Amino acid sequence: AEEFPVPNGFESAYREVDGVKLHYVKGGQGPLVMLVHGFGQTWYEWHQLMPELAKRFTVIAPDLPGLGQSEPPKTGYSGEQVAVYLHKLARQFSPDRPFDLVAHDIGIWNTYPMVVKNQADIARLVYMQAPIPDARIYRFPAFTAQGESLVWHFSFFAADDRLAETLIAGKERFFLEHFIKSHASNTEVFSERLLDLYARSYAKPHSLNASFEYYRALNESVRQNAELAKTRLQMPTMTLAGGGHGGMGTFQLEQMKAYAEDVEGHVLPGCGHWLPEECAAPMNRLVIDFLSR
C-alpha cells in the first residue's frame, strides 16, 4: 500500500540496506539527486518539487528509517549511524558518479556525517531549516518575549520515560496539526486533508517512537559532529531558511559558513519552517536553478 500519492511517472519501491528495508520514490533520468525529508513528514513533502527536477535529474526521495514506510534502523538513530543507510542507498543508484543532496530539518542531521566523510560523492548540497547538530543548539532560548520558542520540542522529544510517545499516542492528529501550524507562517497550505495524510503515517507506533529517537540521539550526534567538523565541506552549498514565523532566519547561513567553504544563502520572507509547502514557487525555483548550474 502507499501512504501518499506517487506523482505521475514515478515509482514507489523498497531497497534493503544493511538489513533495513528503506522505502523510496524515484523518477526521471540523468544525474542523481536525493531529497531527504524531516520530522513530521515523509518523502511526500517533496512531491511538488520532484516532477520539475525529474525533467533534468534522476530523483530519489527515501523515507527516513522508521518514518513513512521505511523500517527502523538496526544500529541506532544518531546522525552518523543513519547517514550510512542513506549513503549506501544513494550509491546503489549512482555507484560511479557524484550525486546531489537536498535535505530539510532532521534530514540535515541524518546526512551531514556522510557528506563530510565522502565529499567526492556529493556534487552539490542544499540544506534548509534546521541547525547542524553542534554546541550552538545549546544556546537557543527555552522561552521568548513572543511566547513559545522554536526548539523547546528538542527537550520534549528527548525526555526519558517515553514522555512524548505516552502523551501523544492517541492524539497524533491533534499534536501534528499544532506542531506544523505553530512553526508556519503561511498556515493556509496545511489543509485538513494534507494533515490527515501526514498524521496517519507518523501515528504508526514504531514511526511515532522512531520520530523521537532521532532527538534522543541528538546529543550523541553533537558529539560525533565535533570530530567530523574538523574538516570543512568543499562542494558548492546552498542554504534556505524561512524569514517568517517559524523560520530559522539568518542563523541557517551563518552556521553553514563555519562548515562550508563555498556557500550561498537565502531567507524567504513570509515563509516559516515548511518551505516546500508554504513557499513552493520560490523554493522550487531556487533549488532547480542551483542544481542546474
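The first residue of the shown sequence is 1; numbering continues from there. Between two forms, the rigid core is defined as the largest C-alpha subset superposing within 1.5 Å.
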Fit on the core, then compare CA atoms: does 147 to 155 or 86 to 94 lie farther from this form in 5 other deposited structures of this protein? 147 to 155
Can you tell me which stretch has the higher mean Cα B-factor, 232 to 240 or 33 to 41? 232 to 240
Averaging the C-alpha B factors as listed in the entry, name the stretch that ends up higher: 177 to 185 or 84 to 92. 84 to 92
Criterion, highest CA B-factor; candidates, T111, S78, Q119, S211: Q119
Highest Cα temperature factor in the entry, among the options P51, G246, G265, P62: which one is it? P51
CA B-factor ranking of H273, expressed as a third of its chain: lowest
CA B-factor ranking of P141, expressed as a third of its chain: middle
Based on the entry's values, in what third of the chain does the Cα temperature factor of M128 lie: lowest, middle or highest? lowest
Using only modelled residues of the chain, where does the Cα B factor of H47 rank: lowest third, middle third or highest third? lowest
For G170, does the deposited CA B-factor place it in the lowest, middle or highest third of the chain? highest
